[PDB]
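Next up, structure tokens for two forms of one chain, structure 1 and then structure 2.
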Structure 1
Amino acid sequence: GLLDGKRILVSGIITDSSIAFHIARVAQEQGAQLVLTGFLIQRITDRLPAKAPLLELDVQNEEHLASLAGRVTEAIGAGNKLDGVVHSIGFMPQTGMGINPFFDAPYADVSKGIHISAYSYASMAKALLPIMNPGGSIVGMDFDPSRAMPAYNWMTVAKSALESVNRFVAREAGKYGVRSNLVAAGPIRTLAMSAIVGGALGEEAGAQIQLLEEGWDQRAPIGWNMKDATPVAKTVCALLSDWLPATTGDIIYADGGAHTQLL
């Protein structure tokens, strides 16, 4: 097992199509002992290979964050610490992402999306670093925001902020001998993405997303399967392992290499 004996916190499980669900499944297959967070979820988490305690965590709730380390210690047992943390939380209201014009997103919506998608990566690291072992690893989920694109809109801005937050989290994490990195994935057909392909956002957005995904598989030298999240989950586990011990404040691209090719 790649993660044999490691105690890992995994956030962001909502459905069995969430990348966190696949990260947690592979982490358990690789011998990790998990602690899960959520804010209904118990039903979904019961579908994982092994039973894991589920803790309540609303990242926008400061009381949940202040009590988190103590609640995790209770779940893993006094004297034990975490070796890993997976931040797999991302949100942007429909005004800031999708069909809505970029200029029509109110700041209250954009701010909510940035709180959950970017700032919470620092919040979780602040709460959990005091109960992390040296050699530990914090991993977040990204979508390459280096270039603008249709529809992603203000979520592109939140991902750009997340990448910046990750570099500062690495500075803090380093004091504990802990690494902090992001996995930039290619398009993933989740419960939300499938509906857009299904035409829930209209024919215009449906065509734009179809062109975005078809372009990915053709640019990716090894191809890209938007229905298979496993290569992304394995990449997160590689960062949670001891096999990338000199990588921190960084971004690993699990995108079929699409970002390295123009056409």
Structure 2
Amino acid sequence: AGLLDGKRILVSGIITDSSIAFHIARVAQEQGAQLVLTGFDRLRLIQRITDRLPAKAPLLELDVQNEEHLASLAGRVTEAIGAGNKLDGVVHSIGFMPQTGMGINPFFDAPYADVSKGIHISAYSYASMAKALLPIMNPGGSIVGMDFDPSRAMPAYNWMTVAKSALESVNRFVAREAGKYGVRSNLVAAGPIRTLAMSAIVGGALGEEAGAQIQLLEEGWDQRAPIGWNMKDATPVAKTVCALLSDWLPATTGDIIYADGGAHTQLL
């Protein structure tokens, strides 16, 4: 039947219909998953985006920087999925970095106040969410987060790479904690996708030739990747997140699955 048939999954990180989280939600719904969605700040606006999804799913406010939002989260999810019901999956598709820590802005010129906000949202929050939702999760469950390979330094990504490095390490500790509940915790290291964060927020930080800079990335990535890569299609990444939410990778935890077309395994 459906890959995620009869599974209750919380999905965070939907802002646009371009968002990786939107496509994860779409593919999971196509596979018979009952979703619960998280939104940040503009909640009346996110509802209009999620209305374009295959099916109706409850939407909850969640600012990961907000301690009251996280404390109330587990209870708010239960009132949304029914008492005596638990989650089978959690998707962390949250990332942020102030522009001072991106693009052409010099690496040394990023104030720690900005880098800290970035690390809080992009890495610390993965642990914040896991703490908040593990009590309402089922043994056999899965936590999946989004990653960009930070093992080698790349220009323009700067302090966002540092937060991804921190995230990769956070995921390994979460794995230990989640393990006590019979829950797996993994990251999907995706290749580039023309989402809003990329196209607009990262693109903004690149200056005059930003457009060709982003196009050169797709071209070089499609080149390295033995099976090619399309920055305009989030479906391969969404499918990979669903594979992790399913019961088909049962002995995989505290790990990184590379959904990048195989570009990381190739030098040229």
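Take the two forms, superpose them, and find the largest set of C-alpha atoms that agree within 1.5 Å; that set is the rigid core. Numbers given to residues start at 1 and step along the sequence of structure 1. Shifts are known only where both forms have a C-alpha.
Core-fitted Cα difference of 2 Å or more between the two structures, single residue among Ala238, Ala66, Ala200, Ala50 = Residue with a C-alpha shift of 2 Å or more: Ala200.
Examine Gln210 after superposing the rigid core and state whether its CA is displaced by 2 Å or more between the two structures.
-> The answer is yes; the displacement is at least 2 Å.
Once the core is aligned, please say if the CA of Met149 is shifted by at least 2 angstroms between the two structures.
-> Moves: no, less than 2 Å.
Once the two forms are fitted on their rigid core, how many angstrom does the CA of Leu191 move between the two structures?
-> A shift of 2.4 Å at the C-alpha.
Angstrom displacement of the CA atom of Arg171 between the two structures, core fixed | Spelling it out: core superposed, C-alpha of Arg171 shifted, distance 0.2 Å.
Name, in sequence order, the runs of three or more consecutive residues whose C-alphas all shift 2 Å or more between the two structures, counting only residues present in both forms and superposing on the rigid core.
-> In sequence order there is one run that relocates between the two structures, which is 191-213.
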